[PDB]
Every structure is written in C-alpha cells, then in structure tokens.
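Residue-level structure breakdown
So the chains spell out like this:
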Amino acid sequence: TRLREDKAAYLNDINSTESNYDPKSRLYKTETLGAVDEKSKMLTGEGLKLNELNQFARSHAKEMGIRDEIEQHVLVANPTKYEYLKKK
Amino acid sequence: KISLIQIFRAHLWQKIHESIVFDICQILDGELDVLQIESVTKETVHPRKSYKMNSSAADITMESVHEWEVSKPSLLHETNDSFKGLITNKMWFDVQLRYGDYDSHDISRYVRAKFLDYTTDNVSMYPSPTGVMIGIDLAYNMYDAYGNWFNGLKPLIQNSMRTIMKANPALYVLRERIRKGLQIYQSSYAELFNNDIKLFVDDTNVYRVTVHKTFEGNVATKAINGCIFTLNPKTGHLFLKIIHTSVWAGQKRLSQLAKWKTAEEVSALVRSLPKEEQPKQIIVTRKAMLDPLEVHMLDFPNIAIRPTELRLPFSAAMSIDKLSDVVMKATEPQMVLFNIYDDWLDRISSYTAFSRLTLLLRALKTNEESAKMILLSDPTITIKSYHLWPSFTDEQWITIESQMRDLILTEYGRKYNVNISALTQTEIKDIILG
Amino acid sequence: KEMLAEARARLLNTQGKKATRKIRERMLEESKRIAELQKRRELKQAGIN
Amino acid sequence: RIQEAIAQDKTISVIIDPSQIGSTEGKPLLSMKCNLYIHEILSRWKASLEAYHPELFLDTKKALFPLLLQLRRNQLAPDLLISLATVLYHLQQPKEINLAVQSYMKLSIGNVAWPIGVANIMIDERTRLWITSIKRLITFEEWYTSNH
Amino acid sequence: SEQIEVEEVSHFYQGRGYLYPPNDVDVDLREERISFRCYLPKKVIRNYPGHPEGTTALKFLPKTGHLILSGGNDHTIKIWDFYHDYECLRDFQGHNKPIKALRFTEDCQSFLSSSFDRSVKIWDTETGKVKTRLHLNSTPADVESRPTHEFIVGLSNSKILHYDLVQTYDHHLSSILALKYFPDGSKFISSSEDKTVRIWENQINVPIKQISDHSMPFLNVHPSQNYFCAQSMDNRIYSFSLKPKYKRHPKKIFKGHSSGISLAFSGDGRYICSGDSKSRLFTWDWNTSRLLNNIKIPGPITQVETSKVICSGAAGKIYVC
RNA sequence: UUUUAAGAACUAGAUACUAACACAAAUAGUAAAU
Ligand SMILES: [Mg+2]
C-alpha cells in the first residue's frame, strides 16, 4: 500500500512539456518546476541533489590526489594516508 | 496461453487498475477549487472489479462544492454540450480495462456500449445516475471517456491521460514485458554518498547449495541457511533477513523462488519502514533481481530503482564470521541489525572507510584464507562482539590496506597471465573500484 | 596401464544397472531385518515382548 | 477494573525489568510500564520538537494512540507485549541501540523478540500502523542521547 | 508422575562425597593416561547383582574409575565401588519404564538419564535428587552431556536436540542410535537409524560430512582421540579416525565375533574388547589385528588400571575380568 | 581339533564418475537440426 501524502515525481507538473521521468528506473532528472520559481522555495529535481553536501568534499580530495601524485598516494586505494595529507 | 500468463502476473492486471485510477485519486484528489469540489469520495473497491467483466459499478464519486450541470452524455472528445439538462453534486467514474483484438480495436463503441447499458441497468451500482466512463485497450493502448458533462473537466481529463498513458508505471511494466516476449527493443559514481538513503541488496548468499551423499552414487544437491544482505553505505546498520531452510520445504526449483522471496522480503521491509527511514533508491549487482523487485515495487512510484553500471565485489559477505555465526544458529527466520564499519566514522569519513572495505572484500574473494590470517595473524588484540574486522591502530589498518591491495595485483599478474609491470594506471583503478 | 585398468575392470561385470540396483535393495532389506531383530532381542533382555 | 487502577497508580516507573518480560503474572504491570515509557519518549521529543524532524511528530502520535490505549487496558496478546517490551527494554540501554533495532526487525517480521542482552506472531493493519511508528521512537532516542 | 528415592548405606560423609578421594585403592585415579603395556584378564571377581533384569548399561566415573554406575530395566539406577567392593552406594528411582541410557557431568556432580517413558532426568549424584525433568513426545535414545553446557539428546524421531530447547538437528532421517564427540566441543558424530553418519560442528545445525556405503548401533572413540570403532550389525568392527579424514581403513578390521554393544580399547590402545549376544568377550590385538583371547563368560552388552575390565549383560550381573 | 595379517607412520596430486549448483534467461523421455 502507498503513502498518499507524498506525490509521485511525475505528477508534480502535469503538462507533457515539463520534464522526463523514465519509468523504468523511476528517476526525474531535470527538475519538474522550470517556470515559476515558487514563492516559497519548493522536489527541485534529482540533479540538484547530486553535488550537495557529502560528495564535493570527495571531489576536492581526489583532485588533490591526482595533482599530488604527479607532484604517490591514491584516494580509493590507500585512503587514510592521503586523507590526513589533505588534512595537513 | 503461455506467453500471456507470463505477461500478467502478481495480479499485474489488478495493479494496473490501481496505478491508473488511484493515481487519478491523487490528480483530481487535489483539484478542489476550480471545479467546485467538496471532497473526493470513492468506494473501497472489492478486489475483483478489475478483472470481472460481468457487470461494473460507479468507482470514484465527485461530490461538488455547490452544484453541477449534467449535459447529455457524450465522449471525452465528443465536443459541443449544453450542461444545464440537469444538476447533481455526487458523481462517479467508471474506469475499465480490456485487451482488444483485430475485430474490436475500436473502443468508443465499447465505451458508450458498456457505459450506456450499465447505467440503464439495475445491477450496476450508482450513487448518482450521472457519471463518466474511461476505458483502455491495453493491447493497442487506447482510452476514452463517455460521460455526462458539467464544465471544466474535458482538458483535465485529456492532458491528464496524456500523462497517465505515458507515465503510470504499470503500463510501462507491460511495455517492458511485452517487449521481453516479443524481443523487440529498438536498436540504434561517488554519488552513492549523497544525502538521500541508498541501500545495497545482494542475493548471492540467499540460497546456498550443499553437496551430499547419493544413496547409490551420484552428486546430491541441497542447501543450508542463507540470509538477505542489505546495508546503506553510510550509517552502517546491517539488515539481515534470516533465510531458514524450512522456507524452501516442498516446492520447485528455488532459483525463481529465491528471486521472488528476496523481492518480497525487501518490499515488506520497505513498506514497514517509516517515510523518514525509507530509501530513495536501491542498488543491486545481481540483475536477475530486476523483475521480482520491480514487480513488487509498483506500489511505490516515489522510490526509483537503479542497477549497476559497473563491475562489483559483494559475494564475500559470509566469509567474515560473526554474521555467518549468526546465520548458522537461527532456529526461525528473523531480522538482525548490525554495524558494518566497526567504528570507522571517528577517524575517517565513511568514504575511504568504504574504499578499504571493498579492498578487504576483494582479498577475501581471490586468495581468501591468506587474507583471513593477515587479519587475525595477531589476534593478541581482540575484536569485540560488536565489531567484525580485527580491531587495529592506524598503522595496522593502513599497511593491511596495502597488503590486501597487493594480493589481487600480484596473484592477478601471475594467475590471469597478463603482467603487473606492463599495467596502466586506469586498469589498476578499474579492478580496485571493481 | 590405467586404460587397461579400465577395460580389465569393465569385462568383469555382466549385469547392467537394474540387477546391481537389486543387489543393493535386497542387502538393505537384510540389514533392516537384522536391526529389527536385535531391537526385539534387546527388548527381550528387558523381558517386554 | 484493575486496568483502571494500574493506570492511576503513581508507584509505577518507566523502567523495564527484563526478567518480567515473559511473566504471566506481571503482564498487567509490564503493559502499563510500556505505555508510560512511550509517553515519556513522546514527551522528550515534544520538548525538543524543533530540533528533530518536527514534521513527523504528529503522525507518530496518531499511529501510537490506539496502541497506548490497549497497553493501558492490557489488551495486547502475550507474544506481542513480549516483543514490544523487548524492543523498549533494549532502547532504555544506550549501548544496546543495535539490539533494539534487531528486536524491532523480528517484531516487524512477525516473530517473537526476546531480550538479547539478558516463536511466531500475527500482524494486523492498525497493528502494522503502530509497529512502524515504534521505529520513529528508536531513531529519536538515538538522536536524543547523541545530541546533548 | 511422582518421586521416590532411597539411600544406600550409613557411611554418609573431612566432609566428602563418596565419589571423591578414591586415592586409596592401589594405584592412582589421577593417573597418567598410559598405565603400562596392557593386560587381559582371566579370573572374575564380583557378581554385584541387585538387578533382577539385565543391566541396560554400565559406565564408570568422570576423571578416573572411582565409581561405577548401572542402568536397570526395572526402572532403577545403582552406584558401585568399582573396586570389587561389596557396597553399592545410593540407589536412584524415578522412571516409569526401563532406563535406556545415561551420561555423566564432566566435573562429575550431575548425572543424566534417558528412559522409554519419554522423559529425561538430571540428577544430583550426591543426594539422588531429581533436579530437572525434560519433556518431549518422542522416546529419547542415547544422551550425552557436552564435555564442557548443553544436553544433547538423540531421538527416535530423527532429530537431535540441544537443551539448556536450544538447537534442533533435523538432517538425520530415521532413528538416532548414538552420539559421540570426535573432538571435544568442536565436533561430534551422530550415527542414525538410516545407515549413515552425520558429523557436525557444535551447536550448528548443518552436518560437515556424510558417510554411507549395514548399520552402526554402537560407536566408541579411542583414548588417543584418533580412532572410532563401530559394531555394525553385519558382524564386524569398523575403525575410523577422529582426525580429519573420516575415511574407514582397510588395514584394521574385526570379525571373530557375531552379533547393541560396547566396543572399548585397552588404555594404551593395545587391545579392543567387544561384548556380544552369544555372551563371549572378544579380545583383539589392535596392533597385530587378531583375536588374541576369547571368553565364554555369561550365560552380553557393554564392556569397559590395566588389571581389569567390567562387563554387563542380560543376565543382570556385573562382572569383572 | 581350527587359526597367521609382513606390521606402523608420512605425503601428494593424477585419471575417472557425478550435481536442475554457477557463463536478454529462458529447455525435458511420440517427433529431434542446415
Ligand atoms: Mg519414452
């Protein structure tokens, strides 16, 4: 049974112009609200999430790994050694 | 009669009826104002009205704010109407489904046919002797509405159906499945750590075959207890659903039965959980799980299922004891919750904690018991009941990362008959990541 | 010498799957009998017949 | 109506003695203790509502209302009280949050949960409703003891 | 189901259990494992009696042979000096039907009995007190205590059950006859009504190895922990190794006797003594693999210092050879 | 009146047989294929 409180992503903006929900893997991508920036901020999309909060940090440390390695630790491989590098 | 009986299962028919109509329960559940809507009042549907064709009844009763003008009944796309013939408040939809064929692929004659006959018949249950019919041929995907009309609906229906017939997943379940049978498909990473809750289901430990003596002489197959292994990569509370071989008692081949009981467990777990603890995705390496999962995941269009794009090493879960110690002791199947990371959230983020973790699983996959000794070589520092991996200091974790890392590289170069010295970085990172 | 073990072993069995299967079944019956007996014998050593 | 008496007695605390979980004679008492402890958890959540998922509070209370009434009247079947009490007992132990979740998993699967530190059940609709909210009490507790 | 027990002798209790400072008898109970190069007996010393029906079973005592304990099909259990002494210590009574098997507490204070009355009792060896009674519909066959603590009971109804029910073992098909432990704690071998052996790790349901190729009513384990000895109905003894490869070996076999029974090995593994229905003990030279001696004593089941062995059988007398 | 097993320990794998167990995922005892 489905929780009636929280809308299915594809009903969020009805018009077939809105944004594409590919029902196989159930993932909106662009956001459903492309017209009115909602007075109160409103699903802002899936892509709006991916960068946020806990993955950027990873991106940075990995940059520091590539460039350090030409400047030999490896992010995925040996983590903590590098990690405390990026700390220092 | 075979190929069909595939094409519909787990009552995929009934589910279709829910997905469609119930999803309208939303769309026009929330449209109050502009059409003058008091409230959305539908009758709780007996489970059989979907697939029973004898006779039908009023589905979803629209009870107006004030009053409504019922014109003479026309189709959805039958246009020009004078509404004031009557007035009502309560209403309903008749929304129906039929798999058409090269004689009757014209609905409308069926729409008004059934609609009219029903409406003017006794047995047909109606709170208002006015309403709307919306039919569909699943075969050729057509649809229609022959209703009475008070104003404003027409395009709400029209556009709304554009959405439905292009969205409400159950349909997309067919159009997947029909293509399975037909074998027509038109030719021509770190985000795991984002906020929303991501889960790992991996089923290779679910049904464990065990070879035993054949009365005369042959090789006997059997199985011994499994369990379903799921975790989020982040917060480290393991969901193990115990699989107690009683489950498999009498029936079938247990390949299909495995996949379907895995699905039904994962679903039941999900449902039972709160909106706050539910996932926004699911990630599995075994793709044999797609259909069972999905088909039991119709019920939650909110969640979105996503497979692996990439080579992955999850089959070693059991070789790390304490959990397996738990697997072998269970008298009756039940959930158990655990801790993945020992305590890795202090001295690290879960990030390189997971990199080290995968690498551990790896050196447990290739050479195995060498790795187990590496771990427990010095037991003289002891693992609590709560931890799993041997507890260490920085250095121990660190170097052991190096060594476990080393195995697959060396054993690799030797065993797979392609050299370790001629390697390029990106293939190293490849096998390491996958 | 291993193929000669093979053939040399092969010639010396005349029956076919069925007969051999019988030999087994029958012996199993004999063991069942003897067991059931010494059941009754030890029950007699308790006196209860 | 002794259930009308136990509910008015101020001599009963929220503390659960695990040795009483499977007791037949102590059923009425343990049932009231579970009622009292759940109210106490909802009370602390209330006191810090703004800090912990305020949007889920009301729904949790509503789902737990029927359970609480039953606990107050000693209407829960033996096996069900046993499982719930086990979860709440471990929850009262900070370093046993994992044993509480494990017990919760059994209960949600329809199996009897017995104290772990120290067979089967049937689940209904409205019953499934309060079993779900219990998980919310667990997540709140973990957050509460962690943020002070 | 009521209870009535009796005490034998006025000797009573520094304050010691009867079982406890055997000390006195020539030699030493604490004693090293190999007394010397072993000997076979000709002279029988004690009748013992008491039982009007053949003893179901005979055992000795945890640690060293200080006491001896017998099972009567008259629903009775008696303790004995085991030194040829006349006195039988304290009688036990409390079963409805003939007592099928027993086992002792490794420490030596508790005692377990299983009978055809569908009950199993835990006893205080120092008072005769029925401490605890264990239920279940099925008649319980051979029961062991864990060498360190759970009961392990083999049932006629396939299963083996660990009791504090802790762990059921359903894999076996047909009745279960006997249970030993090949290596203490870690593993045991169950031999079953179906002509197979099931080896398991401890407290884990699945069985590590399955061996089948007539029957195995009695199985015993060498004092070295290296061999197993089964008295197959087929009139033979089969030798097995408790060490890792559980493969029966051609080199050692015994077929000088015809037949449930006990097979035992003289400490130092010098001899094997089988007790048989005809009533003649068969002594074999384990090393040279040959019937070295034979007796027609008894008019026989379990056969258990290098100076002697103790036998019992359906005439109801315990004899010492 | 019967009766002699050359005895014990160590070790490895090599040829075999087998197993509805494992490589968009599915086959069985009237018929089989360029
Ligand atoms: Mg045929």
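- The name that the PDB entry assigns to chain E is Pre-mRNA-processing factor 17, with the source organism given as Saccharomyces cerevisiae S288c.
- Per the PDB record, the entry is named "Cryo-EM Structure of the Post-catalytic Spliceosome from Saccharomyces cerevisiae at 3.6 angstrom".
- For the record of chain E, the UniProt heading Function holds the text "May function in the second step of pre-mRNA splicing. Regulatory protein involved in replication and mitotic spindle formation and/or maintenance. Required for initiation and completion of S-phase and for initiation and completion of DNA replication. Might be required for the maintenance of microtubules. Essential only at elevated temperatures."
- As its UniProt record puts it under Subcellular location, chain E is described as follows: "Nucleus".

- Under the PDB entry, the name given to chain A is Pre-mRNA-splicing factor SLU7, and the organism recorded is Saccharomyces cerevisiae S288c.

**Focus: the overall build of chain A**
- Helices and strands together make up the secondary structure of chain A, namely 3 helices and 0 strands.
- Starting at the N terminus, the α and β elements of chain A follow one another as α-α-α.
- Expected size for 88 residues packed as a compact globule is a radius of gyration near 12 Å; at 20 Å, chain A overshoots this value by more than 25%.
- By principal-axis analysis of the C-alpha atoms, chain A measures approximately 55 × 35 × 20 Å.

**Observations regarding the interface of chain B and chain A**
- With 38 residues of chain B at the contact, the number on the chain A side is 32 residues.
- For the side of chain B that touches chain A, the elements supplying multiple residues, two or more each, are α2 (12-27), α5 (169-182), α7 (290-297), β17 (304-305), α9 (350-365), α11 (394-415) and α12 (425-433) of chain B.
- With 5 residues, α9(B) is the single largest residue contributor to the side of chain B that touches chain A.
- Its residues assigned to classes, the side of chain B that touches chain A comprises 19 nonpolar, 8 polar and 11 charged.

**Describing the pairing of strand β3 (residues 76-80) of chain E**
Residue and element names in this part refer to chain E.
- Bridge count between strand β2 (residues 68-72) and β3: 5 bridges; the pairing is antiparallel. Looking across to β3, one finds that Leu-69 is bridged to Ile-79.
- Here β2 folds back onto β3, and the loop between the two strands holds 3 residues, one of which, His-75, carries a positive phi near 75°.
- In terms of strand pairing, β3 meets strand β4 (residues 92-93) through 2 bridges, oriented antiparallel. Counted as the bridge partner of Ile-77 is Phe-92 from β4.

**Here's the deal with the environment of E:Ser262**
Residues and elements named next belong to chain E.
- In this structure, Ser-262 sits in the loop between β20 (253-254) and β21 (263-265).
- Along the sequence, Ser-262 and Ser-277 sit 15 residues apart, while their C-alpha atoms lie 11 Å from each other.
- Those residues in contact with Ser-262 that lie beyond four places of it in its chain are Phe-218, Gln-231, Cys-273, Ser-274, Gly-275, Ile-301, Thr-302 and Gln-303.

**Focus: the packing of helix α10 (residues 369-376) of chain B against α11(B)**
Residue and element names in this part refer to chain B.
- Contact pair α10 / α11: the axes reach a minimum separation of 11 Å and the direction vectors enclose 170°. When the axis of α10 is compared with that of α11, the two are roughly antiparallel. Of the residues in α11, those in contact with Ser-370, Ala-371, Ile-374 and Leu-375 of α10 are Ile-400, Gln-403, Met-404 and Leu-407.
- For the contact of α10 with α11, the residue count by class is 6 nonpolar, 2 polar and no charged.

**Observations concerning the arrangement of the chains**
- Contacts are most numerous, across the 6 pairs of chains in contact, for chains A and B.
- There is a gap between chain A and chain C: no contact, and a shortest C-alpha distance of 52 Å.
- Spatially, chain C is disjoint from chain D: no contact exists, and the shortest C-alpha separation is 37 Å.

**Topic: the pattern of salt bridges**
- Measuring nitrogen to oxygen at the nearest pair gives 2.5 Å for the salt bridge that ties B:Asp430 to B:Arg311. Note that B:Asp430 is positioned in helix α12 and B:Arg311 in the loop between β17 and α8 (321-329), a separation of 119 residues in sequence.
- A salt bridge links B:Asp394 to B:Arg347; the nearest nitrogen and oxygen atoms lie 3.3 Å apart. Taken together, the residues span a long stretch of sequence, with B:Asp394 in helix α11 and B:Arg347 in the loop between β18 (335-338) and α9 at a distance of 47 residues.
- Salt bridges sharing common partners tie together A:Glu5, A:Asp6 and B:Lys275.

**Points about the environment of B:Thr79**
All names here are of chain B.
- Take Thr-79: it is sitting in the loop between β4 (74-75) and β5 (86-88).
- Separated by 59 residues in the primary sequence, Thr-79 and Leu-138 have C-alpha atoms spaced 25 Å apart.
- A polar atom in the side chain of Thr-79 sits 3.0 Å from the side chain of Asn-80.

**A short note on the interface of chain E and chain B**
- Every contact between the two is made by 8 residues of chain E and, on the other side, 7 residues of chain B.
- Here the side of chain E that touches chain B is built from residues that sort into 4 nonpolar, 3 polar and 1 charged.

**Focus on unusual backbone geometry**
- Unusually for a residue other than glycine, B:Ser188 sits at a positive phi of about 50°.
- Mapping B:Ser188 onto the fold places it in the loop between α5 and β9 (198-202).
- The phi torsion at E:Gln225 lies on the positive side, around 75°, for a residue other than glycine.
- Relative to the elements of secondary structure, E:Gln225 occurs in the loop between β17 (219-221) and β18 (228-232).

**Describing helix α3 (residues 54-73) of chain D**
- With 20 residues, α3(D) extends 29 Å between its outermost C-alpha atoms, agreeing within 8% with the 28 Å of an ideal straight helix rising 1.5 Å per residue.
- At the exit of α3(D) stands D:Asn74, carrying a positive phi of roughly 55°.

**Topic: the sheet that holds strand β10 (residues 151-155) of chain E**
Residue and element names in this part refer to chain E.
- Read across the sheet, 4 strands follow the order β9-β10-β11-β12 without closing on themselves; strand pairing throughout is antiparallel. Whereas interior strands pair on both sides, the edge strands pair on one side only; in this sheet they are β9 (140-145) and β12 (167-169). Sheet twist, expressed as the average angle between the axes of neighbouring strands with direction ignored, equals 20°.
- One ladder, built from 4 bridges, connects β9 with β10; its direction is antiparallel.

**Digging into the side chain of E:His66**
Residues and elements named next belong to chain E.
- Relative to the helices and strands, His-66 resides in the loop between β1 (55-59) and β2.
- There is a polar contact of 2.7 Å between the side chain of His-66 and the backbone oxygen of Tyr-18.
- Ignoring sequence-local partners within four residues, the contact set of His-66 consists of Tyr-18, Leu-19, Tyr-20, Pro-21, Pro-22, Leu-29, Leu-61, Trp-80, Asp-81, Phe-82 and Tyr-83.

**Looking at the packing of aromatic side chains**
- Pairing B:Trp68 with B:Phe150 gives two aromatic rings, centres 3.7 Å apart and planes at 5°, and the pair type is stacked. With B:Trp68 in strand β3 (residues 68-70) and B:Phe150 in the loop between β8 (142-147) and α4 (153-166), this residue pair connects regions lying 82 residues apart in the sequence.
- Taken together through their ring pairs, the aromatic side chains of D:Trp45, D:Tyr52, D:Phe57, D:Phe140, D:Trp143 and D:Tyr144 make up a single cluster.
- One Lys or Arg, B:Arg356, reaches over the ring of B:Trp344 and ends 4.9 Å from the middle of that ring.
- One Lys or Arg, D:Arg44, reaches over the ring of D:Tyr144 and ends 4.8 Å from the middle of that ring.

**Thoughts on the pairing of strand β6 (residues 110-115) of chain E**
Residue and element names in this part refer to chain E.
- One ladder, built from 5 bridges, connects strand β5 (residues 99-104) with β6; its direction is antiparallel. Bridge pairing links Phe-104 to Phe-111 in β6.
- Linkage of β5 to β6, two consecutive antiparallel strands, is achieved through a turn of 5 residues, within which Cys-108 is found at a positive phi near 105°.
- Direction of pairing for β6 relative to strand β7 (residues 120-124): antiparallel, over a ladder of 5 bridges. By the bridge assignment, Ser-114 is partnered in β7 with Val-120.

What counts, and where the lines are drawn
Residues numbered from 1 in each chain as written, not as in the entry; some residues may be left out. Chains lettered and ligands numbered in written order. Part of a larger assembly, values for the part shown. Heavy atoms only, no water. Residues with missing side-chain atoms left out of burial classes, pairs and counts. UniProt positions renumbered as here; feature names shortened; annotations may be inferred. Helix = DSSP H or I, 4+ residues; strand = E, 2+ residues; numbered from the N terminus. Rg over C-alpha atoms; globule rule 2.2 N^0.38 Å. Contact = heavy atoms within 4.5 Å. Nonpolar A, V, L, I, M, F, W, Y, C, P; charged D, E, K, R; others polar. Pairing = 2+ DSSP bridges. Axes fitted to C-alpha atoms, helices over the stretch in contact; angles between N-to-C directions. Parallel < 35°, antiparallel > 145°, perpendicular 65-115°, else oblique. Salt bridge = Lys/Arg side-chain N within 4 Å of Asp/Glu carboxyl O. Polar contact = N/O pair within 3.5 Å; in protein donor to acceptor, adjacent residues only side chain to side chain. Expected span 1.5 Å × (residues − 1). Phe/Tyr/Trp six-rings, centres within 6.5 Å; stacked < 30°, edge-to-face > 60°. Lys NZ or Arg CZ within 6 Å of the ring centre and 35° of its normal.

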